[PDB]
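Q: how does the following fold in three dimensions:
(one chain, ligands or ions: 3)
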Amino acid sequence: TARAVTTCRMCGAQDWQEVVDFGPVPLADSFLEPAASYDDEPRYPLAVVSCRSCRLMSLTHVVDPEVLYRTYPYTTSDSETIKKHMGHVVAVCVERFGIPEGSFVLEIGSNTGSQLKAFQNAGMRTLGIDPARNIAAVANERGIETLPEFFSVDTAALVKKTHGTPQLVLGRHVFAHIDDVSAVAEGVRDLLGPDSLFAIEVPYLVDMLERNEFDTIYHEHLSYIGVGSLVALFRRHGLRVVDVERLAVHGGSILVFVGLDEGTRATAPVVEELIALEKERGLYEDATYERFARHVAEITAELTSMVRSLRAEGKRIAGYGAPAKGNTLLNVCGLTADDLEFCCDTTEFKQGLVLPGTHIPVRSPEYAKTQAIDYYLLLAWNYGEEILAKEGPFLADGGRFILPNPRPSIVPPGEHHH
Ligand SMILES: Cc1cn([C@H]2C[C@H](O)[C@@H](COP(=O)(O)OP(=O)(O)O[C@@H]3C[C@@H](O)C(=O)[C@@H](C)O3)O2)c(=O)[nH]c1=O
Ligand SMILES: Nc1ncnc2c1ncn2[C@@H]1O[C@H](CSCC[C@H](N)C(=O)O)[C@@H](O)[C@H]1O
Ligand SMILES: [Zn+2]
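A: Residues are numbered from 1 along each chain as shown. Ligands and ions are numbered 1, 2, ... in the order given. Here you go, the structure:
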């Protein structure tokens, strides 16, 4: 079973409002072999709450990280969107903060090592930390040194002893996956020198709310983060937020830079600005989260009826992509193999398997091209630009996409915009 949350991860208070509850839901990255029955498929409570002190949004429960990550199926995206963005991460970290060549970059949640490879090509030393043993072994084989463990205070000490003081510690879409964020901040403080930086990239709570990105809620994502809550945490561990860049990736994200409170790095005015913008946008008020809750109910209702109405007219519908978030979407909406006949996915591992809960088949893009699909529900919507750019033939044949946010809509639109 999953361990229930008591006190807030960031600020340590215990006062939260309920925002939305999806009940028991299977794990989003637990894909299954095709079978006759799925009676013993595990399901865990999926519900979110909002801490009134610092306004961290969090799940009510914490699924065991040993269960989630020790055999992880998701390798870092090989898309042009992520290749480009990884290059941009290097550029921002190096040029904005003046990190010299030959400097040491440690990455938490380094996965296959693609992001570290980009730092190596820019002239840096690297080391990765990732508990996914299968994925860690690939990174190591490829020449990118990765410790096959979770980040911790003692792993941080091992790194300092064996590899030294890093100029940069990086965590991309891992910080919201960790329960004991307090221990992460502590290991970071010990690791950082006076001008070292800790950088985390996470989905931005502001974008999540304004765009109704409820499908990004799943068990791996324990936290849903705004800048305010991060300041509340780092305050308590001798750390200080010095810079933030807003990013279009993964539905709107923030790349946050953190240094030692008594260190070289001055605080940029942008930090105060975003904290003021979060207040200004109603993040510290109960109404905003009840508004989010009904938006979700409306979108869920509208998405299901849109799909079932089209099917009733004799239209064929499939899913485009089989991302983790897609599985939250389809389970909450209650869609099945009768509504979507398959989900196409470029991930070889996922091909020939079946989605969690809904049990919809995952097929290859080359199979998908043989089938006369009328509509694709765009589950991998965070790659919307790249996907639409290469689906000209489908679109020219009268094919259409259904996008789930900010509001459900049909691509192509009825008119050109401009
Ligand atoms: C761009 C593209 C993706 N895909 C597939 C590959 C992937 O399985 C899926 C996209 O998954 P995506 O990268 O959005 O990630 P998700 O599977 O949604 O989530 C993973 C793990 C999660 O913990 C996290 O933090 C985020 C950042 O990453 O869609 C295609 O089939 N065709 C495409 O053209
Ligand atoms: N406590 C922890 N310490 C280090 N890595 C962790 C962790 N918990 C989860 N992870 C790893 O973090 C990754 C989350 S997915 C993000 C992968 C990569 N940074 C990318 O953006 O593509 C997984 O590889 C998972 O194994
Ligand atoms: Zn809090």
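
Q: run a quick neighbour tally on residue 359.
A: Neighbourhood size, residue 359 [other CB atoms under 10 Å]: 16. For the C-beta atoms, the positions are set from N, CA and C on the backbone; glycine is no exception.

Q: got it, and residue 210?
A: The number of residues packed near residue 210 is 15, by other CB under 10 Å.

Q: ok, it touching residue 406?
A: Yes. The pair residue 210 and residue 406 qualifies as a contact (CB atoms under 8 Å) at a distance of 7.3 Å.

Q: residue contacts, the residue positioned nearest the centre of the chain?
A: Geometric centre of the chain, nearest residue: residue 173, 5.3 Å, by CA atoms, centre = their mean. Residues in contact with residue 173 (CB atoms under 8 Å, 6 or more residues apart in numbering) are 109, 201, 202, 203, 250.

Q: go on, residue 62?
A: Residue 62 sits next to 2, 3, 4, 5, 179, 222 when contact means CB under 8 Å, 6+ apart.

Q: pick out the most distant pair among those.
A: Greatest spatial distance among those (CB to CB): 4 and 222, at 12.4 Å.

Q: okay, the two: which has more neighbours?
A: Ranked by neighbour count (other CB under 10 Å), residue 4 and residue 222 place residue 222 first, with 21 against 10.

Q: how is the protein partitioned into domains?
A: Here the domain parsing of the chain from curated CATH domains is 1-59, 60-260, 261-312, 313-418.

Q: wait, which of the ones you listed is closest to ligand 2?
A: domain 60-260 (3.0 Å; CB to the nearest ligand atom).

Q: start and end of that closest one, how far apart?
A: End-to-end distance of domain 60-260 (CA to CA, to the nearest Å): 31 Å.

Q: could you see whether ligand 1 lies near that domain?
A: Yes. Judged by CB under 6 Å from any ligand atom, domain 60-260 and ligand 1 are in contact via 74, 77, 79, 173, 220, 250.

Q: of those residues, buried ones?
A: Listed as buried from these are 74, 77, 173, 220, 250; burial here means 16 or more other CB atoms under 10 Å.

Q: quick one on the thing from earlier: filter the residues of domain 60-260 next to ligand 1 down to just the ones in helices.
A: Judged by DSSP state H, helices contain none of those.

Q: would you turn these into TSV with distance to ligand 3?
A: Below are those laid out as TSV (distance: CB to the ion, whole Å):
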residue	distance to ligand 3
74	28
77	31
79	34
173	21
220	20
250	23
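
Q: for the contacts of residue 173, which one is nearest residue 57?
A: residue 203 (10.6 Å).

Q: that closest one sits in which helix or strand?
A: Counting by DSSP states H and E, the element that carries residue 203 is strand 197-203.

Q: show me what the helix or strand that that strand is followed by is in contact with.
A: Sequence-wise, the next helix or strand downstream of strand 197-203 (DSSP H and E) is helix 205-210. For helix 205-210, the surrounding residues in contact (CB under 8 Å, 6+ apart) are 55, 57, 213, 216, 224-226, 251-253, 277-278, 281, 283, 288, 292, 406.

Q: buried set for helix 205-210?
A: Within helix 205-210, the residues scored as buried using 16+ other CB under 10 Å are 205, 206, 207, 208, 209.

Q: just the CA coordinates of that helix, formatted as CSV?
A: Once non-C-alpha atoms are left out, helix 205-210 reads as follows in CSV (Å, rounded to 0.1, in the frame of the first residue of the first chain):
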residue,chain,number,x,y,z
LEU,A,205,1.8,25.2,-10.9
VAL,A,206,0.6,28.5,-12.5
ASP,A,207,0.5,26.9,-16.0
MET,A,208,-1.0,23.7,-14.6
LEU,A,209,-4.0,25.7,-13.2
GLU,A,210,-4.5,28.2,-16.0
